[PDB]
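Observations on the model geometry
Spelled out from the first residue to the last, the chains are:
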Number of protein chains: 2
Amino acid sequence: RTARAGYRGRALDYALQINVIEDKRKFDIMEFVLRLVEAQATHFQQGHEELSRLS
Amino acid sequence: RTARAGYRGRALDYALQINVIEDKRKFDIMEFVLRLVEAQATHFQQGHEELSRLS
């Protein structure tokens, strides 16, 4: 009665944290390629902002 | 007489190369830098072109 109740208790958490990582996994890697190329656009704009003076 | 005469011509041939060297030193070192900075600027322009559509 202890095992069956606390195993039911546990199957819900395990269902919850699995359901969380499914959503989370896409969003963080997409955010990571997004924040990466922001810094790229920002690094390349710094060398383009002075391209006119340098020419 | 022929030793003194030969010292003088050989002194003119050193004197001429010493003008040639002074411009050679100038334009290779001035050009080396001027190529580096332009090509450096260029990778940032090409970057920025994309990376602003990607932004």
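Residues numbered from 1 in each chain as written, not as in the entry; some residues may be left out. Chains lettered and ligands numbered in written order. Part of a larger assembly, values for the part shown. Heavy atoms only, no water.

cryo-EM is the method the PDB entry lists for this structure, together with a resolution of 14 Å.

A short note on the environment of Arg8(B)
Note the following rule: Working definition: helices are DSSP H or I runs of at least four residues, strands are E runs of at least two. Numbering for both runs from the N terminus. Note on classification: 1.4 Å probe, protein chains only; a residue is buried when its accessible area is under 20% of the maximum for its type, exposed when over 50%, partly exposed between these limits.
Summarising the element assignment, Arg8(B) is placed in helix 1 (residues 2-54). For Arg8(B), a relative accessible area of 54% gives the class exposed.

Topic: the packing of aromatic side chains
What counts is decided by this rule: In this scheme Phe, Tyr and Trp rings, the latter by its six-membered ring, pair at centre separations within 6.5 Å, and the angle between planes marks the pair as stacked below 30 degrees, edge-to-face above 60, and tilted otherwise.
Tallied over the full model, the rule gives one aromatic pair over all chains. Their ring planes at 90° and their centres at 5.7 Å tell us that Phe44(A) and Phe44(B) sit as a pair that is edge-to-face. Taken together, the positions of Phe44(A) in helix 1 (residues 2-49) and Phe44(B) in helix 1 put the pair across two chains. For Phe44(A), a relative accessible area of 8% translates into the label buried.

Things to note about the relation of the copies chain B and chain A
Basically, it comes down to this: Least-squares superposition on C-alpha atoms places the copies onto one another.
In the superposition of chain B on chain A (RMSD 1.2 Å, axial shift 1.5 Å), the rotation amounts to 177°. One copy is carried onto the other by what is essentially a two-fold rotation axis. The position closest to the rotation axis in chain B is occupied by the C-alpha of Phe44(B), lying 1.8 Å away.

Here we look at a nonpolar patch on the surface
Rule in force here: Put simply, a patch holds well-exposed residues, over 30% relative accessible area, that have no salt bridge, with like charges counted together within 9 Å and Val, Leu, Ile, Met, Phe, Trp or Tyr side chains within 5 Å. Per-residue and other accessible areas follow the Shrake-Rupley method at a 1.4 Å probe size, with only the shown protein chains counted as cover for residues. Should a side-chain nitrogen of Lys or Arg be within 4 Å of a carboxyl oxygen of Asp or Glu, the pair is scored as a salt bridge.
Judged by side-chain polarity, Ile29(A), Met30(A), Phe32(A), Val33(A), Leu34(A) and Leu36(A) come together as a nonpolar surface patch covering roughly 600 Å² of accessible area. For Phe32(A), the location among the structural elements is in helix 1.

With respect to the interface of chain B and chain A
How large an interface is tends to be reported as the accessible area lost when its parts come together. This is how the line gets drawn: Residues are treated as being in contact if the distance between any of their heavy atoms lies within 4.5 Å. A quick way to say it: buried area is the sum, across both parts, of accessible area lost when two parts are put together, with a 1.4 Å probe. Here a polar contact means two N or O atoms within 3.5 Å. Within protein one must be a hydrogen donor candidate and the other an acceptor candidate, and residues neighboring in sequence count only if both atoms are side-chain atoms.
Of the residues lining the interface, eleven residues belong to chain B; the matching set on chain A comes to ten residues. For the pair chain B and chain A, the summed buried area comes to about 940 Å², and 80% of that belongs to carbon and sulfur atoms. Of all residues in chain B, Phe44(B), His48(B) and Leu51(B) bury the most surface against chain A, accounting for 52% of the area lost on that side. On inspection of chain B and its partner chain A, the count reaches zero salt bridges. At the boundary of chain B and chain A, one finds two residue pairs in polar contact.

Thoughts on the packing of helix 1 of chain A against helix 1 of chain B
Rules: The axes are straight lines fitted to the C-alpha atoms, using for helices just the contacting stretch, and the angles between their N-to-C directions are given from 0 to 180°. Oblique is the label for any angle not covered by the other classes, which are roughly parallel (under 35 degrees), roughly antiparallel (over 145) and roughly perpendicular (65 to 115). Crossings are classed by handedness, with left-handed meaning an anticlockwise turn of the near helix from the far one by less than a right angle and right-handed meaning a clockwise turn. All residues other than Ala, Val, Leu, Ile, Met, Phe, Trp, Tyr, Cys, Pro, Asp, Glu, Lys and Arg, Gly among them, are scored as polar; the first ten of these are nonpolar and the last four charged.
Relative to each other, helix 1 of chain A and helix 1 of chain B sit at 135°, their axes nearing to 7 Å. Taken as axis vectors, helix 1 of chain A and helix 1 of chain B run oblique relative to one another. Note that helix 1 of chain A runs across helix 1 of chain B; the crossing there is left-handed. Touching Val37(A), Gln40(A), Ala41(A), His43(A), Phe44(A), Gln45(A), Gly47(A) and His48(A) of helix 1 of chain A are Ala41(B), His43(B), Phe44(B), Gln45(B), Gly47(B), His48(B), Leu51(B) and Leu54(B), all from helix 1 of chain B. Grouping the amino acids of the contact of helix 1 of chain A with helix 1 of chain B by side-chain chemistry returns seven nonpolar, nine polar and no charged.

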